[PDB]
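Chains as they are written, first to last, in PDB author numbering: chain A, 1 to 51; chain B, 457 to 555; chain C, 78 to 130, 138 to 192; chain D, 296 to 404, 410 to 413; chain E, 153 to 175, 179 to 280; chain F, 153 to 175, 179 to 280; chain G, 471 to 503, 527 to 559, 563 to 653, 699 to 757, 773 to 793, 809 to 930; chain H, 289 to 299, 307 to 335, 341 to 675, 686 to 796, 802 to 858. Idealized CB from N, CA, C, for every residue including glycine. In what follows, a single structure is set out as structure tokens and then discussed.
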RNA sequence: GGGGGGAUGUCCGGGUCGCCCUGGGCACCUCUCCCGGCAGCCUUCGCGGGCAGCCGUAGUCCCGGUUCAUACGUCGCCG
């Protein structure tokens with residue numbers, strides 16, 4: 001049963017009482033940014049989409 | 457590093473170093489003495505460095521700076537170690553008033 | 078009222094765990110235990126215990149018989165020799181004393 | 296080139312299967328050349344390398360007799376001095392170097413050497 | 153900056169917190188702040204503490220003055236010892252190396268000295 | 153004060169030692188002092204250390220600078236490790252209480268705070 | 471042996487109802503192995542059995558069932577009692593086993609025991625040397641301890702046993718843990734009594750002299781800390812406390828610099844020791860490198876003598892050669908030196924005198 | 289020195312032989328043409349070929365198959381195939397322990413490996429998957445043949461020694477299965493002087509065969525066994541280990557430290573090397589969920605389960621027989637109660653890909669313990695049989711004391727002292743009585759508040775004191791002890812004693828041919844099972 | 001290391017003044033036995049025991065100033 005060569009795994013260091021959870025990772029993962037400006041800097045009333 | 461302490465070899469890994477290498481290792485250890493997640497290994501390898509290369513510091517002043525700069529950060533690390541336990545009592549000692 | 082099971086298990090000795098003829102059986106020597114496994118299933122077919130009872141006596145040497153197969157010679161620290169036949173348990177109760185000072189090694 | 300010497304004898308029996316009886320690390324740097332000689336009660340091989348040290352090996356007494364390192368230094372001593380002038384000197388390829396000692400020993404009988 | 157802290161804490165801002173924490180008036184703000192927001196402040200400051208261990212010099216003085224002013228505010232809403240729980244866990248972290256950190260300090264304040272001294276030889280020579 | 157120390161140490165004075173030790180120039184004197192007298196100085200300063208444990212603030216800085224300047228002078232005359240022996244024995248003494256002295260420190264820096272704080276209520280009230 | 475001891479207990483009950491305390495006390499002396530001479534030894538007492546201890550303490554002490565009873569001395573003048581003092585059986589578990597019946601309904605039992613008992617010992621012994629003996633011998637809880645040191649404050653706030706008892710109680714309450722101490726103090730103390738002992742412990746620190754100058773700890777640490785917290789905020793409704816923490820800061824910083832110099836001198840001392848060794852072998856002629864000048868070499872390294880043994884592959888050990896030793900000696904020779912040979916060495920008598928350059 | 293040898297014949308006659316010797320120096324010499332070197341006063345030169353691989357002791361060199369190949373098995377866990385026609389060497393490198401014995405099959409087709417940790421696997425040649433496996437109890441053994449490598453005075457010298465009971469348990473919800481701590485192998489474990497058992501095998505009692513294997517501490521089977529100085533590397537060892545009440549959780553705890561012969565440069569003042577490694581210990585508590593295929597999966601490591609200004613060495617752990625609750629006592633003075641909650645940061649539930657939530661344990665309750673010091687303690691703990699109350703022998707030398715604490719609340723119910731003549735060793739609970747061993751042995755009932763049984767043991771050495779141990783059955787209310795009979804060596808006899816609760820008489824007296832290492836209790840049935848150092852096991856049962 | 005001795009070189013009272021000595025300082029060589037490790041041989045199954053043992057320090061004819069290290073099985077892209 002020739003036990004396979006594995007590299008030494010890295011650690012799991014102890015994590016303090018504020019890690020970025022999976023969800024906060026998700027909403028950071030909405031990654032790419034683009035700032036389309038309106039006509040003449042009108043404030044933007046309302047956006048939406050169908051279903 | 458923690459494996460190279462698990463197996464006792466950190467001596468042998470360290471002893472074959474030259475000046476520039478020693479400087480880089482020194483600046484690293486100085487960079488990470490602060491984080492208590494691994495201060496144990498930081499201070500141990502610094503111990504081996506001092507034990508193993510403190511002879512030629514009269515020859516080379518540049519590492520003497522980093523030697524000082526090593527000392528220099530640590531000088532500010534006992535204070536953080538104390539200033540914690542200064543407040544360290546405070547937080548524990550409110551806990552005995554609440555009952 | 079209470080009762081003690083017979084000692085079982087065992088440490089494999091450092092003596093050659095002999096193959097059989099036709100390779101189908103592996104015959105191993107534990108201390109106080111000689112047992113034969115079938116190779117294919119990796120499974121016991123016989124466990125032949127060997128009662129030792138003299139503080140530290142140990143199984144010294146053992147081998148198949150080179151004249152006829154299916155025979156095992158085994159000899160302890162003191163000179164007590166068994167000539168058993170595997171597939172079977174015939175010969176456990178019938179050793180033979182060699183009258184040594186101290187029995188150190190043997191082969192057939 | 297791995298500063299190593301190895302030693303070969305036939306595997307007896309079937310034909311020409313040679314064998315590596317053993318090896319050793321002899322020199323300090325690698326063994327650049329070696330040549331054999333055997334006769335008049337003498338059976339040696341000389342390995343001269345880059346570490347400037349010719350070593351003689353006993354050819355027919357190998358594993359049975361100690362090797363010998365020669366000195367790398369020339370047999371003529373190549374050092375001279377003017378004791379009246381207290382001037383020590385030596386030479387190689389084209390440069391002749393001279394030092395002065397300027398002082399006794401009993402005067403020092410540390411920081412001033 | 154008291155209302156600034158109040159706003160920033162209750163809205164759970166990041167960079168407003170950074171702006172007011174870059175910098179007496181500190182004490183005045185901690186006098187004039189609130190209670191429940193101060194506990195949440197405590198929580199995220201132990202968070203910053205755990206995240207980068209660089210400067211203690213302002214922020215410890217900060218939490219000092221929190222326990223000064225609204226120390227008993229955690230006595231008032233004492234279900235959040237679980238906030239207070241990790242600080243114990245947090246401040247026991249920074250005590251770790253101190254169990255032998257001085258054993259560094261001296262041999263280094265040793266080589267300090269002659270390096271000061273052979274330097275103090277140097278302009279003299 | 154270098155010759156003053158030299159004289160006082162080799163004559164084993166008491167009050168001359170007191171006069172020069174009541175008080179930079181300190182460093183200059185330790186540059187310009189001797190070796191064997193400095194070891195004897197070390198001995199009686201560990202003596203004063205053991206006799207009254209009141210101020211450390213000058214005299215530690217003193218022996219600091221001794222080991223600065225003529226540190227290797229004890230390397231030069233290294234039969235007097237028995238002088239150096241007791242200092243170990245002396246400085247292990249003042250480490251004693253530190254094994255739990257901080258356990259005092261916090262609960263006392265605790266009652267510090269509200270006493271500062273209820274005082275910091277007091278002119279406000 | 472149970473029947474035997476039960477009959478012995480019956481006989482001692484008979485001695486009690488005959489009120490034959492002297493013969494009964496002699497029976498106790500025989501069990502413990527009137528004159529009643531003592532061994533001058535708290536530790537060297539012979540071992541006895543818990544059954545006789547528990548019967549003894551049941552005989553000696555009393556209880557009052559009114563939903564909260566009270567231990568009382570049934571025999572206040574008893575060498576058997578003072579033997580229980582010096583032999584340290586006076587434990588809450590002992591007296592609990594003694595009064596398992598009447599107290600099985602009572603609660604807070606350790607607290608009432610530890611607040612009742614040392615007061616009873618105190619009124620028994622106003623000279624309280626029995627009190628300091630009980631303190632020194634018995635395993636003590638914090639309730640007993642706070643009530644005892646309270647008794648000492650009443651005694652003070699021929700004159701040395703009391704101070705001795707202060708120090709011993711201080712050490713023991715130092716050994717105690719935080720929460721139990723603090724809650725007991727807050728139960729049984731009043732803030733002014735706490736102020737008194739603050740002055741006591743302040744006086745102890747400044748009397749040890751941590752501020753009163755040179756040419757002019774941990775125990776009390778855990779104590780003083782735990783007590784002032786044990787009072788806590790509701791009690792203190809100034810300058811005293813500020814000057815207090817002033818000298819406290821002086822104290823701790825003296826400690827800090829003390830740690831600094833302990834470090835540097837332990838370095839220097841070990842270096843000095845290895846240096847003395849090195850100069851010894853250099854004078855012997857083992858021809859290592861020693862430092863000459865009045866200044867510390869930066870690398871405090873004392874080049875050790877060569878061990879006569881070597882660690883080959885794989886993990887084995889053999890002897891060094893003379894030859895390889897001479898090889899390492901050649902290594903340790905510096906760049907330049909003088910090697911004076913004497914006529915006695917030429918005669919085969921003495922050894923050489925060598926001076927190497929300062930490397 | 290000749291560690292072993294194997295012959296090969298040269299052929307209806309025998310024309311010559313070539314015989315191979317293997318030596319603990321780390322060498323393998325082969326002799327080539329023996330019969331005609333020796334048959335013919342004077343003979344010619346002879347000279348073995350030297351084939352050198354291992355650093356440690358070759359355990360067994362055998363000629364191969366044809367006689368083309370020379371195979372070898374060593375300490376360093378690696379079976380070498382010397383090519384012998386070229387110069388080359390091709391080899392099977394990773395075995396679980398020392399290769400202790402090999403033999404070559406009748407045809408060249410199979411190898412047999414007696415792996416030094418008491419197993420055997422049959423290989424086919426050049427396919428190198430083990431076609432056959434048989435393992436043993438893997439425990440620590442007073443081995444009869446002393447060593448192969450201890451012939452030449454190695455730096456750390458091998459001594460066949462035992463320094464601890466063999467840490468083990470029986471599984472509720474599978475009484476045929478026993479878990480027990482093990483190292484790489486016996487010899488590699490005991491080497492380095494200290495115990496190095498970072499491993500578990502699970503073993504069957506009914507059919508004494510191996511079942512399975514897994515790791516606990518960090519293991520590097522893929523690695524050099526030896527640090528370059530020449531020393532076997534110590535590997536973290538789990539002191540205590542116990543099973544959950546339902547059969548679902550498994551808490552190990554491991555301690556490790558550097559070696560004193562490494563530390564060597566951490567000495568500052570009075571710092572000594574024992575002091576320094578004692579400072580730099582690591583103590584991990586490892587929480588395990590049980591896979592019913594006899595697998596172990598982590599849920600939670602705790603890095604500093606008992607903290608004071610240094611990490612506190614942990615004395616013992618215990619399992620609430622009623623509910624999933626584990627219990628710890630250590631060097632700080634505090635007992636910690638651990639309970640499984642759910643990893644749920646702010647209401648959302650973190651789940652494994654199937655959707656199953658990552659449960660995690662946590663210190664549910666924290667209790668300090670009353671200390672009573674007259675003028686280096688220890689600890690032992692046990693639940694009641696009915697649970698709800700935990701009994702803690704806290705252990706300063708002879709003055710020490712037990713405390714009983716409720717579980718629903720952290721208040722101390724009871725405290726009892728004076729019940730130990732020395733350093734406490736261990737303590738268990740029957741239905742009413744606490745059995746405890748220090749130097750003395752005492753059954754004490756608490757509801758009666760009365761000592762029932764008292765036995766002084768005959769004076770032995772400290773190793774024997776360390777090796778005694780006890781266990782109770784919980785089905786039939788009966789307990790038992792185990793002790794060697796008086802430096803420890805090979806032939807050492809032990810006695811065990813079966814004691815019922817209500818009487819003083821030992822219900823079964825029996826010594827054994829060797830020193831019994833460990834006693835465990837079947838939960839389902841009555842009786843005990845004992846493990847004995849000469850690595851054999853047997854059960855004991857009433858009726 | 002200790003306990004001790006014999007001998008080397010040394011100052012301070014010194015002594016008729018010399019051999020040195022006592023009183024203080026001593027560092028060394030030599031002898032002594034108890035410390036630590038090593039090895040052999042007889043003993044006994046083992047445990048142990050006995051026997052005469054070396055070494056704890058330095059420089060060689062040459063010269064151990066050596067010997068010695070962990071497989072293949074399959075690579076790459078992106079998620």
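Using a Cβ-Cβ cutoff of 8 Å, what residues of the stretch 587–600 of chain H are near chain B? List them in chain order.
none
Tell me, which residues are paired with residue 399 of chain H by DSSP?
Residue mapping note: residue 399 of chain H aligns to position 99 of the eighth chain, counting from 1. Looking at the DSSP assignment, residue 399 of chain H forms a beta bridge with H:415.
Got a sec? Which residues, its chain only, sit under 7 Å from residue 527 of chain G by beta carbon, not counting five neighbours each side?
Taking the seventh chain and counting its residues from 1, one reaches residue 527 of chain G at position 34. Closer than 7 Å at the Cβ level, and outside the excluded window around residue 527 of chain G, lie 492, 495, 496 and 575.
Check whether the Cβ of residue 527 of chain H lies closer than 7 Å to any Cβ atom in chain B.
Against the eighth chain, residue 527 of chain H aligns to sequence position 227. True, the Cβ-Cβ gap to chain B drops below 7 Å.
Indicate whether at least one CB of chain E lies closer than 7 Å to the CB of residue 804 of chain G.
Between 793 and 809 in chain G the model has nothing, and residue 804 of chain G is one of the residues in that span.
If you draw a straight line from the alpha carbon of residue 552 of chain H to that of residue 587 of chain H, how long is it in whole angstroms?
Translated into the one-based positions of the eighth chain, residue 552 of chain H becomes position 252. Translated into the one-based positions of the eighth chain, residue 587 of chain H becomes position 287. Answer to the nearest angstrom: the Cα atoms are 7 Å apart.
Within 7 Å of any Cβ in chain B, is that where the Cβ of residue 393 of chain H sits?
Numbered from 1 along the eighth chain, position 93 holds the residue referred to as residue 393 of chain H. Output row for residue 393 of chain H: interface = no.
Mind reading off the beta-carbon distance from residue 496 of chain H to residue 537 of chain H? Whole number of angstroms is fine, and I expect it under 8 Å.
Translated into positions along the eighth chain, residue 496 of chain H becomes position 196. Translated into positions along the eighth chain, residue 537 of chain H becomes position 237. Going by Cβ atoms, the distance from residue 496 of chain H to residue 537 of chain H rounds to 5 Å, so yes, they are a contact pair.
Where residue 7 of chain A meets chain E, residues with beta-carbon distance less than 9 Å
For the purposes of this step, residue 7 of chain A is identified with residue 7 of the first chain, where counting begins at 1. Here the premise fails: no neighbours, minimum Cβ distance about 28 Å.
Of all the options G:901, G:844 and G:879, which has the alpha carbon lying nearest to the alpha carbon of residue 236 of chain F?
Taking the sixth chain and counting its residues from 1, one reaches residue 236 of chain F at position 81. Looking at the Cα atoms, G:844 is the closest of the given residues.
Against residue 508 of chain H, what residues of chain C qualify as contacts under a CB-to-CB distance less than 7 Å, listed in chain order?
The residue labelled residue 508 of chain H in the question sits at position 208 within the eighth chain. Those within 7 Å of residue 508 of chain H in chain C are 85 and 86.
Taking Cβ positions only, does residue 230 of chain E come closer than 7 Å to chain F?
Reading the fifth chain from its first residue, position 75 is the one you call residue 230 of chain E. Judged by the 7 Å Cβ criterion, residue 230 of chain E is not in contact with chain F.
Short CB-CB distance (under 7 Å) between residue 495 of chain B and chain E:
Position 39 of the second chain, counted from the start, is the residue given in the question as residue 495 of chain B. By this cut-off, residue 495 of chain B is an interface position.
Terminal residues of the continuous alpha helix (DSSP H) containing residue 298 of chain H?
Counted from its first residue, the eighth chain places residue 298 of chain H at position 10. Taken as a continuous stretch (DSSP letters only), residue 298 of chain H belongs to no alpha helix (DSSP H), being part of the beta strand (DSSP E) at 292–298.
Between residue 813 of chain H and residue 788 of chain H, which are expected to be in contact by the criterion C-beta below 8 Å, what is the C-beta distance as a whole number of angstroms?
Taking the first residue of the eighth chain as 1, we reach residue 813 of chain H at position 498. Taking the first residue of the eighth chain as 1, we reach residue 788 of chain H at position 478. 7 Å between Cβ atoms; contact.
Can you tell me where the alpha helix (DSSP H) with residue 205 of chain F in it begins and where it stops?
For the purposes of this step, residue 205 of chain F is identified with residue 50 of the sixth chain, where counting begins at 1. Here the alpha helix (DSSP H) through residue 205 of chain F covers 191–206.
Excluding sequence positions up to five away, which residues of its chain have a Cβ less than 7 Å from the Cβ of residue 743 of chain G?
What you label residue 743 of chain G is simply residue 202 of the seventh chain in a count that begins at 1. Closer than 7 Å at the Cβ level, and outside the excluded window around residue 743 of chain G, lie 815.
For the stretch 434–492 of chain H, list the alpha helix (DSSP H) runs that are entirely contained and at least 4 residues long, ordered along the chain.
486–490
Taking 7 Å as the CB-CB limit, is residue 258 of chain E close to chain A?
The sequence position of residue 258 of chain E within the fifth chain is 103, counting from 1. Chain A, which has no Cβ nearer than 7 Å to the Cβ of residue 258 of chain E, makes this no.
Quick check on residue 673 of chain H: does DSSP put it in helix, strand or coil?
Residue mapping note: residue 673 of chain H aligns to position 373 of the eighth chain, counting from 1. Coil at residue 673 of chain H, not helix or strand.
Ends of the alpha helix (DSSP H) at residue 486 of chain B?
Position 30 of the second chain, counted from the start, is the residue given in the question as residue 486 of chain B. First-last of the alpha helix (DSSP H) with residue 486 of chain B: 475–488.
Residue 381 of chain D burial status per 10 Å Cβ neighbour count (16 or more: buried)
Taking the fourth chain and counting its residues from 1, one reaches residue 381 of chain D at position 86. Per the 10 Å Cβ criterion, exposed.
Since residue 378 of chain D meets chain G, which of its residues come closer than 9 Å, beta carbon to beta carbon?
Taking the fourth chain and counting its residues from 1, the one referred to as residue 378 of chain D is at position 83. Per Cβ cutoff of 9 Å: no residues; residue 378 of chain D is ~16 Å from chain G at best.
Can you find a CB in chain B that lies within less than 7 Å of the CB of residue 562 of chain H?
Locating residue 562 of chain H in the eighth chain gives position 262, where the first residue counts as 1. By this cut-off, residue 562 of chain H is an interface position.
Among the residues of its own chain, which have a CB less than 6 Å from the CB of residue 328 of chain H, if the five just before and after it don't count?
Your numbering for residue 328 of chain H matches position 33 in the eighth chain. Correct list, in chain order: 311.
In the DSSP assignment, find the unbroken alpha helix (DSSP H) run with residue 614 of chain G in it and report its ends.
The residue given as residue 614 of chain G occupies position 118 in the seventh chain. Where residue 614 of chain G is concerned, the enclosing alpha helix (DSSP H) stretches over 605–620.
What residue range is occupied by the uninterrupted alpha helix (DSSP H) comprising residue 544 of chain G?
As a first step, residue 544 of chain G must be located in the seventh chain, where it is residue number 51. First-last of the alpha helix (DSSP H) with residue 544 of chain G: 543–553.
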